Amino acid sequence: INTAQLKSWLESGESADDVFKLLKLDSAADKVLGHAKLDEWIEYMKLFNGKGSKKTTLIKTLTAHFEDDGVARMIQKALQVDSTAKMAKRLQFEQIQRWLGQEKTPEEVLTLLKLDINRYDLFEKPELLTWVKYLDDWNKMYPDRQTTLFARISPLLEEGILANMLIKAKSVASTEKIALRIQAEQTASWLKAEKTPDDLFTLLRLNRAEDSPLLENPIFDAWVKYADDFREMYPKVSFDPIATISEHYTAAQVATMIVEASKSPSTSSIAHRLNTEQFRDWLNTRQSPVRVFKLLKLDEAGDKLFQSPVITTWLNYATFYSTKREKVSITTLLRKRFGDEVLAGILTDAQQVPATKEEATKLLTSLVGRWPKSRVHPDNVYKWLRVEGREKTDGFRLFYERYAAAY
Amino acid sequence: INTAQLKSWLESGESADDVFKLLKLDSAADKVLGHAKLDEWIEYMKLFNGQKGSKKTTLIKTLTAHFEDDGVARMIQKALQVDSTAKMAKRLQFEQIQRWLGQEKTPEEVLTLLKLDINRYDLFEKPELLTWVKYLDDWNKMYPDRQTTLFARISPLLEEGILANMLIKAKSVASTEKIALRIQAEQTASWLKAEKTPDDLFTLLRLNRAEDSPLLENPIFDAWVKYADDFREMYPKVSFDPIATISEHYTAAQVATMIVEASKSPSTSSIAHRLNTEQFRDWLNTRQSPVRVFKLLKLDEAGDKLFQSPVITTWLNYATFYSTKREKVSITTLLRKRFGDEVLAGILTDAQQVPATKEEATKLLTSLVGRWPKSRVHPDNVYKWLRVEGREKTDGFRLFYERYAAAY
């Protein structure tokens, strides 16, 4: 404690603010908290505070030199340093008390913290954390004047833009809680406006596809959950979402988005759900395997049907149909459509493509197995399976051999 | 200190003033308060005054006759800073002020007395100013019915802008900071109370008429933005957007360039980022597409030199900002339709060699070339257009070329 100096200052009539500036403490906000010069100043502020003098606090003086948003940022970082952490926590309290003591509404403090200017960077601003803590203290302090995060933020940000921001705010540790929490209020706000899942779909731009495989969008998984949460409360006047989706995308379009998203853990969960929805809708409305075939336009692929992205969708639905409603042979269908020679060729091709290798084989084993009874000559068994081009060990070649010998 | 001398002067019949002259204390004002012979003069002054029926005098009154009110004020204020002379300076200051207060000279009349009105435009450089500030405060104390402020007495000498400017430089001088801050507060305060709109304060401070000074340089500009903030926060009902004001005097491009040329200096770094946030906000909120902003920034008029405009980084940042908050928009797709694979490949490759553009040029060139296989760009065009020849053996674009020539 430089008594000499403190005395010198008192006897010049330096205010506590004059000394804050003699100390050049307003130079850099990041060299203030937990530094020796502020400790000098604090000792002078005690002495200054008297008795005909104009009292000041440390909060009042910091705010007067760095502004509310400036002070909020100063605390926020100082909370992340151990040296200064206890100081920062007390100083944070005193900031919030000052505002509550005035009665700066959460809306007024939002402006003081310049969060309205910084709207679109909201969740990146340290001052946001100060403000959330102030709103929450405000609501406890004045229960007759309550307000919510979403009520103070949504007038600043377009509904869809706010959604995108929350979704990214969630992948961040410091703002994830807050982002969930505003998400919750935003959902309830939509629910009580009633707001149908189909209105919401287009409110959130989900009917576009320029930049999206859509199932990659957490907005899309956000929707759907709103829709689950819209059966919800209004069980009577509701649909489920495959209805909504289908207003903007076709069967074959939808089936591909699904075939895609199911190849990564990130989206395999929304994909197998949407897949459930599509299968359920086909079966509810009594789509046979044959009927779904056309809905996916696999008849317009001709002989190239095993090269369609949705061929596995169709084979799956057919396996699904037979287990649930009535056994339908895919083999029988493909056989009547192409014939033994063209189908054997088709499937032999599909064996070489890895994503169809196993269902190609499984169908071809089924095809070939009906051939003994259909009186197929071993030359035809040979040429149609393209045995000549197969490996010495290939199961279909060894089938050919035993079929030739038995015959 | 020299009795024979004093005796002699008293015998010679000398006045106090004569002896002031004899000691050559009127020689230079700055020698006096320190001077050896002044204490000599003071003893004589007592002795002279002690004589029956002599016309009395005083130290303040003798200094004033010889150096004028402003010269004595300048003496007292220099001597207030030396340890050796400080306590006499303090006491002289007091008798000066007492004497003025006695004659009931208003702060205004003391202003003219100290020739501060003449020296108006050099105001803060005159030590006499400090003397006058003190006088106004002690006057306020002495005649509480008749108070003024510093701002109220200086304001009529000067245009509002000119005062604002000298206040800034005065703020950065140690002897005038306390005073300059005082007057700033009184200036700001007076504008608020007159509900002077941020838009009207813009022209008054002449921030519109800037051609020879870009704007974010200006400490008055920062001051204006703080005024506009205090104004919103005191009249929340009166809807004010900073960008709206600046852009009736400037173009989107002009404004983005000031921001680019301000971000580099760390001292304007803060006002730069502010104004950038504003600009983006207004674009996003008025739903300006990345292509529309392209036209706004006048990057279409730079043709194939767009990546040499100060403002290209502004556009790309905006483009990325826009894609994150609203709707993803491919910057490659935009530029490829504009230029062609060849012209664009050359634009990017140049931009790849400039520090400020290389990281984005590279991401953009990476996106562009990824599309070349489905467009069947001939491998010799890939090698030419990418300037693969200038590229290091390790370079990813050279490696692209190698893998691509083998598969075609």
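Is there a simple way to think about the pattern of salt bridges in this case?
Opposite charge on two side chains makes pairing possible when the charged atoms of those side chains draw close. Counted according to the given criterion, the structure contains 53 salt bridges over all chains. In this structure, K115 of chain B engages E68 of chain B in a salt bridge whose closest nitrogen and oxygen atoms are separated by 2.7 Å. Of the two residues, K115 of chain B is situated in the loop between α7 (107-113) and α8 (128-142) and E68 of chain B in helix α5 (residues 59-79); the sequence distance between them amounts to 47 residues. On the basis of relative accessibility, which here comes to 47%, the residue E68 of chain B falls in the partly exposed class. The network of salt bridges with common partners includes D116 of chain A together with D229, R232, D241, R274, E278 and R281 of chain B.

Can you help me understand the UniProt feature "domain: RxLR effector PexRD54 WY" (unreviewed entry) in chain A in this one?
Residue and element names in this part refer to chain A. The residues that UniProt annotates with the feature "domain: RxLR effector PexRD54 WY" (unreviewed entry) are residues 94-134, 186-226 and 277-317. The distance separating the terminal C-alpha atoms of residues 186-226 is 10 Å; by composition the span is 56% helix and 0% strand. Helix makes up 54% of residues 277-317 and strand 0%. Its end C-alpha atoms lie 12 Å apart.

What is the right way to read the interface of chain A and chain B from this model?
Interface extent is often summarised as the accessible area lost during association of the parts. Across the boundary between the two partners, chain A contributes 23 residues, which contact 20 residues of chain B. Each partner contributes to the roughly 1900 Å² buried at the junction of chain A and chain B, and carbon and sulfur atoms together form 48% of this total. Joining chain A to chain B, the criterion identifies six salt bridges. Scanning the region where chain A abuts chain B turns up seven residue pairs in polar contact. Elements represented by at least two residues in the side of chain A that touches chain B include exactly α2 (16-22), α6 (106-112) and α9 (159-170) of chain A. Among the elements that make up the side of chain A that touches chain B, the one with the highest residue count is α9 of chain A (three residues). Classifying every residue of the side of chain A that touches chain B gives five nonpolar, three polar and 15 charged.

Calculation rules
Residues numbered from 1 in each chain as written, not as in the entry; some residues may be left out. Chains lettered and ligands numbered in written order. Heavy atoms only, no water. Salt bridge = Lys/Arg side-chain N within 4 Å of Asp/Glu carboxyl O. Helix = DSSP H or I, 4+ residues; strand = E, 2+ residues; numbered from the N terminus. Buried < 20%, exposed > 50% of the residue type's maximum accessible area, 1.4 Å probe, protein only. UniProt positions renumbered as here; feature names shortened; annotations may be inferred. Contact = heavy atoms within 4.5 Å. Buried area = accessible area lost by both parts, 1.4 Å probe. Polar contact = N/O pair within 3.5 Å; in protein donor to acceptor, adjacent residues only side chain to side chain. Nonpolar A, V, L, I, M, F, W, Y, C, P; charged D, E, K, R; others polar.

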